[PDB]
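Below: final22.json (JSON, C-alpha atoms and all ligand atoms)
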[["chain", "number", "residue", "atom", "x", "y", "z"],
["A", 110, "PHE", "CA", 195.32, 200.81, 74.66],
["A", 111, "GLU", "CA", 191.74, 199.69, 75.32],
["A", 112, "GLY", "CA", 191.24, 196.03, 74.50],
["A", 113, "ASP", "CA", 189.00, 193.14, 75.51],
["A", 114, "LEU", "CA", 190.07, 190.60, 72.89],
["A", 115, "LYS", "CA", 192.41, 187.64, 73.10],
["A", 116, "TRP", "CA", 194.26, 185.84, 70.31],
["A", 117, "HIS", "CA", 192.26, 183.11, 68.60],
["A", 118, "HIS", "CA", 195.40, 181.06, 68.02],
["A", 119, "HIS", "CA", 198.20, 179.89, 70.29],
["A", 120, "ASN", "CA", 201.02, 179.87, 67.74],
["A", 121, "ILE", "CA", 202.02, 183.51, 68.23],
["A", 122, "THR", "CA", 204.64, 185.09, 65.96],
["A", 123, "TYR", "CA", 206.87, 188.09, 66.61],
["A", 124, "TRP", "CA", 209.07, 190.30, 64.50],
["A", 125, "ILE", "CA", 211.97, 192.26, 65.92],
["A", 126, "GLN", "CA", 211.70, 195.17, 63.51],
["A", 127, "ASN", "CA", 214.64, 197.23, 64.83],
["A", 128, "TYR", "CA", 217.11, 197.35, 67.74],
["A", 129, "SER", "CA", 218.26, 199.54, 70.62],
["A", 130, "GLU", "CA", 221.77, 200.96, 70.28],
["A", 131, "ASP", "CA", 222.46, 200.06, 73.94],
["A", 132, "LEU", "CA", 222.80, 196.30, 73.53],
["A", 133, "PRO", "CA", 224.24, 193.76, 71.05],
["A", 134, "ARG", "CA", 221.64, 192.32, 68.67],
["A", 135, "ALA", "CA", 222.39, 188.83, 70.04],
["A", 136, "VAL", "CA", 221.63, 190.05, 73.57],
["A", 137, "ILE", "CA", 218.39, 191.72, 72.43],
["A", 138, "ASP", "CA", 217.11, 188.65, 70.57],
["A", 139, "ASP", "CA", 217.85, 186.47, 73.58],
["A", 140, "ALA", "CA", 216.21, 188.87, 76.00],
["A", 141, "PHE", "CA", 212.99, 188.92, 73.97],
["A", 142, "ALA", "CA", 213.05, 185.13, 73.55],
["A", 143, "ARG", "CA", 213.52, 184.64, 77.29],
["A", 144, "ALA", "CA", 210.72, 187.12, 78.01],
["A", 145, "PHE", "CA", 208.38, 185.16, 75.74],
["A", 146, "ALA", "CA", 209.53, 181.86, 77.26],
["A", 147, "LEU", "CA", 208.15, 183.02, 80.61],
["A", 148, "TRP", "CA", 204.65, 183.05, 79.18],
["A", 149, "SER", "CA", 204.89, 179.83, 77.17],
["A", 150, "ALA", "CA", 206.16, 178.05, 80.26],
["A", 151, "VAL", "CA", 202.73, 178.29, 81.93],
["A", 152, "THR", "CA", 200.36, 178.15, 78.95],
["A", 153, "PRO", "CA", 199.82, 176.28, 75.68],
["A", 154, "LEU", "CA", 201.09, 179.40, 73.90],
["A", 155, "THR", "CA", 204.17, 179.29, 71.68],
["A", 156, "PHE", "CA", 206.23, 182.13, 70.24],
["A", 157, "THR", "CA", 207.98, 182.01, 66.89],
["A", 158, "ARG", "CA", 210.29, 184.69, 65.57],
["A", 159, "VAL", "CA", 209.53, 185.67, 61.97],
["A", 160, "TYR", "CA", 210.77, 188.36, 59.58],
["A", 161, "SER", "CA", 207.59, 189.97, 58.26],
["A", 162, "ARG", "CA", 205.17, 192.77, 59.12],
["A", 163, "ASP", "CA", 202.56, 189.98, 59.22],
["A", 164, "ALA", "CA", 203.84, 188.84, 62.61],
["A", 165, "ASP", "CA", 201.28, 189.10, 65.41],
["A", 166, "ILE", "CA", 203.64, 191.00, 67.67],
["A", 167, "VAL", "CA", 205.77, 193.61, 65.94],
["A", 168, "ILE", "CA", 208.55, 194.75, 68.27],
["A", 169, "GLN", "CA", 209.81, 198.29, 67.69],
["A", 170, "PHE", "CA", 212.32, 200.54, 69.43],
["A", 171, "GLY", "CA", 211.32, 204.15, 68.87],
["A", 172, "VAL", "CA", 212.01, 207.71, 69.96],
["A", 173, "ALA", "CA", 209.49, 210.53, 70.34],
["A", 174, "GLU", "CA", 206.79, 210.21, 67.66],
["A", 175, "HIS", "CA", 206.96, 206.66, 66.36],
["A", 176, "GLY", "CA", 203.75, 205.95, 64.46],
["A", 177, "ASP", "CA", 200.91, 206.07, 66.96],
["A", 178, "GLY", "CA", 199.01, 208.46, 69.20],
["A", 179, "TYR", "CA", 201.42, 208.03, 72.12],
["A", 180, "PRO", "CA", 204.90, 209.41, 71.32],
["A", 181, "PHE", "CA", 207.70, 208.68, 73.75],
["A", 182, "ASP", "CA", 208.77, 211.47, 76.08],
["A", 183, "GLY", "CA", 212.46, 210.81, 76.55],
["A", 184, "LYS", "CA", 214.71, 209.78, 79.41],
["A", 185, "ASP", "CA", 212.71, 207.98, 82.10],
["A", 186, "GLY", "CA", 208.97, 208.41, 82.44],
["A", 187, "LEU", "CA", 207.22, 206.18, 79.90],
["A", 188, "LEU", "CA", 209.50, 203.19, 79.26],
["A", 189, "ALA", "CA", 207.32, 201.28, 76.80],
["A", 190, "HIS", "CA", 203.76, 200.31, 75.90],
["A", 191, "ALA", "CA", 201.99, 197.52, 74.00],
["A", 192, "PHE", "CA", 198.64, 197.17, 72.25],
["A", 193, "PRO", "CA", 196.09, 194.47, 73.17],
["A", 194, "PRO", "CA", 195.39, 191.48, 70.84],
["A", 195, "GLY", "CA", 194.01, 192.23, 67.40],
["A", 196, "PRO", "CA", 195.00, 192.98, 63.79],
["A", 197, "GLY", "CA", 197.47, 195.61, 62.65],
["A", 198, "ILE", "CA", 199.19, 197.66, 65.32],
["A", 199, "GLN", "CA", 197.22, 195.60, 67.86],
["A", 200, "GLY", "CA", 199.52, 193.24, 69.76],
["A", 201, "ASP", "CA", 202.63, 195.29, 68.93],
["A", 202, "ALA", "CA", 205.21, 196.23, 71.58],
["A", 203, "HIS", "CA", 207.02, 199.59, 71.47],
["A", 204, "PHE", "CA", 210.12, 200.48, 73.52],
["A", 205, "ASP", "CA", 211.48, 204.03, 74.09],
["A", 206, "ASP", "CA", 215.05, 203.94, 72.80],
["A", 207, "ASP", "CA", 215.67, 207.21, 74.68],
["A", 208, "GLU", "CA", 215.88, 205.02, 77.79],
["A", 209, "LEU", "CA", 219.09, 203.28, 78.84],
["A", 210, "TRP", "CA", 218.42, 199.59, 78.17],
["A", 211, "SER", "CA", 220.41, 197.01, 80.14],
["A", 212, "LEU", "CA", 219.87, 193.76, 82.08],
["A", 213, "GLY", "CA", 220.27, 192.61, 85.69],
["A", 214, "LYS", "CA", 221.50, 194.78, 88.56],
["A", 215, "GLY", "CA", 222.92, 198.21, 87.73],
["A", 391, "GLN", "CA", 221.77, 201.43, 86.07],
["A", 392, "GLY", "CA", 219.34, 201.49, 83.16],
["A", 393, "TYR", "CA", 216.15, 199.48, 82.75],
["A", 394, "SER", "CA", 215.98, 195.70, 82.24],
["A", 395, "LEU", "CA", 214.88, 195.03, 78.66],
["A", 396, "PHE", "CA", 214.05, 191.47, 79.75],
["A", 397, "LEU", "CA", 211.61, 192.44, 82.50],
["A", 398, "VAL", "CA", 210.09, 195.36, 80.62],
["A", 399, "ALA", "CA", 209.64, 193.20, 77.50],
["A", 400, "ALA", "CA", 208.04, 190.38, 79.49],
["A", 401, "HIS", "CA", 205.60, 192.94, 80.96],
["A", 402, "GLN", "CA", 204.80, 194.34, 77.50],
["A", 403, "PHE", "CA", 204.24, 190.87, 76.04],
["A", 404, "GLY", "CA", 201.72, 190.39, 78.84],
["A", 405, "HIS", "CA", 199.75, 193.33, 77.44],
["A", 406, "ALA", "CA", 200.19, 192.03, 73.87],
["A", 407, "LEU", "CA", 198.54, 188.81, 75.07],
["A", 408, "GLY", "CA", 195.56, 190.59, 76.57],
["A", 409, "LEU", "CA", 196.70, 191.10, 80.16],
["A", 410, "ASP", "CA", 195.84, 194.33, 81.98],
["A", 411, "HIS", "CA", 197.84, 195.92, 84.79],
["A", 412, "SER", "CA", 197.88, 194.16, 88.15],
["A", 413, "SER", "CA", 197.28, 195.77, 91.54],
["A", 414, "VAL", "CA", 199.80, 193.40, 93.14],
["A", 415, "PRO", "CA", 203.06, 195.38, 93.74],
["A", 416, "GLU", "CA", 205.14, 192.22, 93.24],
["A", 417, "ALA", "CA", 203.40, 191.06, 90.07],
["A", 418, "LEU", "CA", 205.19, 191.52, 86.75],
["A", 419, "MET", "CA", 202.08, 193.29, 85.45],
["A", 420, "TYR", "CA", 202.35, 196.00, 88.09],
["A", 421, "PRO", "CA", 202.46, 199.42, 86.29],
["A", 422, "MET", "CA", 205.58, 200.63, 88.13],
["A", 423, "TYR", "CA", 209.09, 199.49, 87.23],
["A", 424, "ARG", "CA", 211.45, 198.03, 89.82],
["A", 425, "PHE", "CA", 214.27, 195.55, 89.35],
["A", 426, "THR", "CA", 214.46, 192.39, 91.44],
["A", 427, "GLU", "CA", 215.96, 188.93, 91.07],
["A", 428, "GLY", "CA", 213.99, 185.69, 90.88],
["A", 429, "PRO", "CA", 211.14, 184.42, 88.63],
["A", 430, "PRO", "CA", 209.38, 187.43, 87.06],
["A", 431, "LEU", "CA", 205.94, 185.79, 86.95],
["A", 432, "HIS", "CA", 203.97, 186.17, 90.17],
["A", 433, "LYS", "CA", 201.06, 183.81, 90.97],
["A", 434, "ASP", "CA", 198.79, 186.67, 89.98],
["A", 435, "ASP", "CA", 200.48, 186.85, 86.56],
["A", 436, "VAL", "CA", 200.21, 183.09, 85.99],
["A", 437, "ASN", "CA", 196.52, 183.05, 86.93],
["A", 438, "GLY", "CA", 195.79, 185.99, 84.67],
["A", 439, "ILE", "CA", 197.38, 184.51, 81.56],
["A", 440, "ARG", "CA", 195.92, 181.01, 82.10],
["A", 441, "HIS", "CA", 192.46, 182.51, 82.64],
["A", 442, "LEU", "CA", 192.80, 183.72, 79.05],
["A", 443, "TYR", "CA", 194.52, 180.75, 77.38],
["B", 1, "LIG", "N1", 203.87, 203.01, 80.58],
["B", 1, "LIG", "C1", 203.44, 202.31, 81.80],
["B", 1, "LIG", "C2", 204.51, 202.49, 82.88],
["B", 1, "LIG", "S1", 206.22, 202.02, 82.41],
["B", 1, "LIG", "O1", 207.18, 202.85, 83.20],
["B", 1, "LIG", "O2", 206.43, 202.28, 80.94],
["B", 1, "LIG", "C3", 206.52, 200.33, 82.76],
["B", 1, "LIG", "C4", 206.60, 199.91, 84.08],
["B", 1, "LIG", "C5", 206.88, 198.57, 84.37],
["B", 1, "LIG", "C6", 207.07, 197.65, 83.34],
["B", 1, "LIG", "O3", 207.23, 196.32, 83.57],
["B", 1, "LIG", "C7", 207.80, 195.97, 84.76],
["B", 1, "LIG", "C8", 207.00, 195.75, 85.87],
["B", 1, "LIG", "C9", 207.56, 195.31, 87.07],
["B", 1, "LIG", "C10", 208.93, 195.10, 87.15],
["B", 1, "LIG", "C11", 209.74, 195.33, 86.04],
["B", 1, "LIG", "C12", 209.18, 195.76, 84.85],
["B", 1, "LIG", "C13", 206.99, 198.09, 82.01],
["B", 1, "LIG", "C14", 206.71, 199.42, 81.72],
["B", 1, "LIG", "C15", 203.23, 200.82, 81.48],
["B", 1, "LIG", "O4", 203.03, 200.00, 82.38],
["B", 1, "LIG", "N2", 203.24, 200.52, 80.19],
["B", 1, "LIG", "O5", 203.05, 199.17, 79.78],
["B", 1, "LIG", "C16", 202.11, 202.91, 82.26],
["B", 1, "LIG", "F1", 201.80, 202.42, 83.46],
["B", 1, "LIG", "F2", 201.15, 202.60, 81.40],
["B", 1, "LIG", "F3", 202.23, 204.23, 82.36],
["B", 2, "CA", "CA", 203.75, 175.60, 77.40],
["B", 3, "CA", "CA", 200.18, 193.30, 65.40],
["B", 4, "CA", "CA", 210.76, 207.65, 78.22],
["B", 5, "CA", "CA", 218.47, 203.52, 74.35],
["B", 6, "CL", "CL", 217.99, 198.45, 63.81],
["B", 7, "CL", "CL", 211.02, 203.59, 64.75],
["B", 8, "CL", "CL", 217.16, 191.22, 84.07],
["B", 9, "ZN", "ZN", 204.00, 203.26, 70.38],
["B", 10, "ZN", "ZN", 202.13, 198.19, 81.45]]
Let me see the structure of the file written as structure tokens.
Ligand SMILES: N[C@](CS(=O)(=O)c1ccc(Oc2ccccc2)cc1)(C(=O)NO)C(F)(F)F
Ligand SMILES: [Ca+2]
Ligand SMILES: [Ca+2]
Ligand SMILES: [Ca+2]
Ligand SMILES: [Ca+2]
Ligand SMILES: [Cl-]
Ligand SMILES: [Cl-]
Ligand SMILES: [Cl-]
Ligand SMILES: [Zn+2]
Ligand SMILES: [Zn+2]
Amino acid sequence: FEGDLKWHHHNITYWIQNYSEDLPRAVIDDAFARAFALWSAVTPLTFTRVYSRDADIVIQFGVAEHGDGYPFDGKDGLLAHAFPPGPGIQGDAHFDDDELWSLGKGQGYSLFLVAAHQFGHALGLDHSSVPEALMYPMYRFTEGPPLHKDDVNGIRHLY
């Protein structure tokens, strides 16, 4: 997932290729939209849902081997990964459907928070060393605005 490029356009498009069997499609679509809204709220970036493989960010829920050199392991461990800006698989976000996807307090992992984190990568952001930042490499659920000052500065430094 090595990348040093940023998008050369601000009108970013995404395609929800498939869904997780843990949540209603309406809940999934809204979670992704809200995750994207976090980033557009502090930048001139916009996110438009499309239905084509030509979308910049292709969102895919997979299990085990799913098309790249980093197959998912299973329950826990790797929750998801995303490729840095660029053509093709670049910019795409993959989620391990072997995980229990949920939202808010309770068991399972928040699709909202994990997606927001992954979209950060798909925009060119690297991991943060700030434990409270959304771009921190370790998952942990908490309430309140996901974007930490460190996350806002990182994204604006790019766009
Ligand atoms: N796979 C990861 C770890 S991960 O368990 O899949 C992960 C950890 C945390 C994630 O976002 C997040 C960060 C803070 C709070 C809530 C959610 C998303 C994904 C990762 O950060 N992938 O993007 C790593 F570090 F590369 F191994
Ligand atoms: Ca904006
Ligand atoms: Ca792509
Ligand atoms: Ca896993
Ligand atoms: Ca699942
Ligand atoms: Cl599906
Ligand atoms: Cl798949
Ligand atoms: Cl949540
Ligand atoms: Zn993948
Ligand atoms: Zn990450």
Could you build a table of the residues in chain A lying no more than 9 Å from ligand CA 4 (chain B), giving for each the nearest pair of atoms and their separation in Å rounded to one decimal place, using all atoms listed in the file, ordered by chain and ascending residue number, as a Markdown table?
| residue | atom | partner | partner_atom | distance |
| --- | --- | --- | --- | --- |
| A:172 | CA | B:CA4 | CA | 8.4 |
| A:173 | CA | B:CA4 | CA | 8.5 |
| A:181 | CA | B:CA4 | CA | 5.5 |
| A:182 | CA | B:CA4 | CA | 4.8 |
| A:183 | CA | B:CA4 | CA | 4.0 |
| A:184 | CA | B:CA4 | CA | 4.6 |
| A:185 | CA | B:CA4 | CA | 4.4 |
| A:186 | CA | B:CA4 | CA | 4.6 |
| A:187 | CA | B:CA4 | CA | 4.2 |
| A:188 | CA | B:CA4 | CA | 4.7 |
| A:189 | CA | B:CA4 | CA | 7.4 |
| A:204 | CA | B:CA4 | CA | 8.6 |
| A:205 | CA | B:CA4 | CA | 5.5 |
| A:206 | CA | B:CA4 | CA | 7.8 |
| A:207 | CA | B:CA4 | CA | 6.1 |
| A:208 | CA | B:CA4 | CA | 5.8 |
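For the residues A:125, A:144, A:132, A:409, ranking by smallest atom-to-atom distance to residue A:162 using all atoms listed in the file places A:125 first.
Of the residues listed (A:146, A:406, A:209, A:395), A:406 shows the shortest atom-to-atom separation from residue A:114; distances use only C-alpha atoms.
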Kindly provide the residues of chain A that approach ligand CA 2 (chain B) to within 7 Å, each paired with its closest atom pair and their distance in Å to one decimal, based on all atoms listed in the file, listed by chain and increasing number, as a Markdown table.
| residue | atom | partner | partner_atom | distance |
| --- | --- | --- | --- | --- |
| A:149 | CA | B:CA2 | CA | 4.4 |
| A:150 | CA | B:CA2 | CA | 4.5 |
| A:151 | CA | B:CA2 | CA | 5.4 |
| A:152 | CA | B:CA2 | CA | 4.5 |
| A:153 | CA | B:CA2 | CA | 4.3 |
| A:154 | CA | B:CA2 | CA | 5.8 |
| A:155 | CA | B:CA2 | CA | 6.8 |
Expected selection as a ChimeraX atom specification for ligand CA 3 (chain B) within 7 Å, only C-alpha atoms and all ligand atoms: /A:164-167,195-201
Distance of atom CA of residue A:121 from atom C4 of ligand LIG 1 (chain B), expressed in Å to one decimal place: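 Going from atom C4 of ligand LIG 1 (chain B) over to atom CA of residue A:121, I get 23.3 Å.
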Test item: residues no farther than 12 Å from ligand ZN 10 (chain B), counting all atoms listed in the file, as a PyMOL selection string: chain A and resi 110+187-193+202-204+397-413+417-423
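Each of A:156, A:396, A:179, A:123 was checked against residue A:143 using only C-alpha atoms; the smallest atom-to-atom distance is that of A:396.
If you look at atom CA of residue A:170 and atom CA of residue A:147, they are 21.2 Å away from each other.
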From A:429, A:133, A:180, A:112, residue lying nearest ligand CL 7 (chain B) [all atoms listed in the file]: A:180
Coordinates-based distance that separates atom CA of residue A:157 from atom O3 of ligand LIG 1 (chain B) (Å, one decimal): 22.0 Å
